[PDB]
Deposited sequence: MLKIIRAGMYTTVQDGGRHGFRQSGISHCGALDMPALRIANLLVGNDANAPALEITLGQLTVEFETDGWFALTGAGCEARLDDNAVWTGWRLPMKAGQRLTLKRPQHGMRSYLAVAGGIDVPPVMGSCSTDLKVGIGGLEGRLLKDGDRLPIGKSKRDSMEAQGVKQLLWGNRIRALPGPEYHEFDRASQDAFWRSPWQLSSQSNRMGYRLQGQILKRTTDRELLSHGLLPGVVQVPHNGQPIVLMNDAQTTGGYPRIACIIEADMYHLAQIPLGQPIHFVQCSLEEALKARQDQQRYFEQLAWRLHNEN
């Protein structure tokens, strides 16, 4: 019921996440900007973790066959619906035979598109998130291409405020924070970090200063999670995202808090990234405030 004309460069069906299987080497995946997908599904009336399309650098045209409602969140791509300009963060109505044309955005990176009822696709292991490395979920475990159709589910116009993005991200130090000299611990907070072209849905590679580690002791393979900043032998930090490895043997200098993970998703490939030294009470209160923020959206 949702025909695609131009799919773009990195468009996939994303959900809340494929949880419960990190112990067996399966990445949870899901939307990089979890707050953007949740607001979109909330606006259309679906469950906050319902399946919605993730779009990287707009350039998407999708023709609608069934009547219902829709919404756009994430980076503003100046979406045009037939003969009108539609904007992000609204429960917009949709009729049959109308095209929605997103263009390349000037600010941001990833944009989300949710429809009433949700994208009915087979939930592979309690989730519809596309795993591009494994080849499962979404639509045959691959990027959407030109000519495909995604079947909409059966549903059964208040504008909501979106969350502002930025380049300052709160990170918590350690476990291996006390293995780097004083010039590397300071540089991690004071010095800016440029995003590299290698950065994708798995992990972001950061270009900056050479962080020197004092120890040369081998690290035993340990469980990982999104937001952990690893520093290999080259000295350039790697931020793990949703499709990252579950296990790794690299020294972890810092860990980005779940409340600020959504900011990484919108940062362009040429803009810097600043790290802010955080605290556990601040990291937990910030996590509550964002969980508490979706409960405010649930009362509309």
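Deposited sequence versus model: which ranges have no CA atoms?
The deposited sequence has unmodelled segments at 157-161, 306-310.
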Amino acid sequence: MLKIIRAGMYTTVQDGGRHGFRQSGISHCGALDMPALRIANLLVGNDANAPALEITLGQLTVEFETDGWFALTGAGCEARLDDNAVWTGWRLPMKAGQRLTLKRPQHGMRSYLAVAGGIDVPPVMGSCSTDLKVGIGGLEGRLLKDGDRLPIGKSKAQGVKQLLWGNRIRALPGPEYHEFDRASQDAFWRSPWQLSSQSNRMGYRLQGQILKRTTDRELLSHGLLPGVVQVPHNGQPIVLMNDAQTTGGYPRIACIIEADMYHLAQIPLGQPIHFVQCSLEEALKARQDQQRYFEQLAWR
From here on, numbers count along this sequence of modelled residues.
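Residue range whose averaged C-alpha B-factor is higher in the record, 145-153 or 131-139:
Per the PDB entry, the higher value belongs to 145-153.
Averaged over C-alpha atoms, is the B-factor higher for 221-229 or for 81-89 in this PDB entry?
Result: 81-89.
Between 183, 71, 109, 202, let me know which has the highest C-alpha B-factor in the entry?
When the deposited C-alpha B-factors of 183, 71, 109, 202 are compared, 183 is largest.
Which third of the chain holds residue 235 when residues are ordered by C-alpha B factor: lowest, middle or highest?
Tercile = highest for this residue's CA B-factor.
Against its chain's modelled residues, does residue 59's Cα B factor rank lowest, middle or highest third?
For residue 59, whose C-alpha B-factor we compare with every modelled residue in the chain, the answer is the middle third.
B-factor third for the C-alpha atom of residue 75 within its chain:
Its C-alpha B-factor, which the entry lists for residue 75, ranks in the lowest third among residues of this chain.
Sorting by Cα B-factor within the chain, modelled residues only, which third would residue 100 end up in: lowest, middle or highest?
For residue 100, the deposited C-alpha B-factor lands in the middle third.
C-alpha B factor of residue 124, ranked within the chain: lowest, middle or highest third?
Answer is middle: the recorded C-alpha B-factor places it there.
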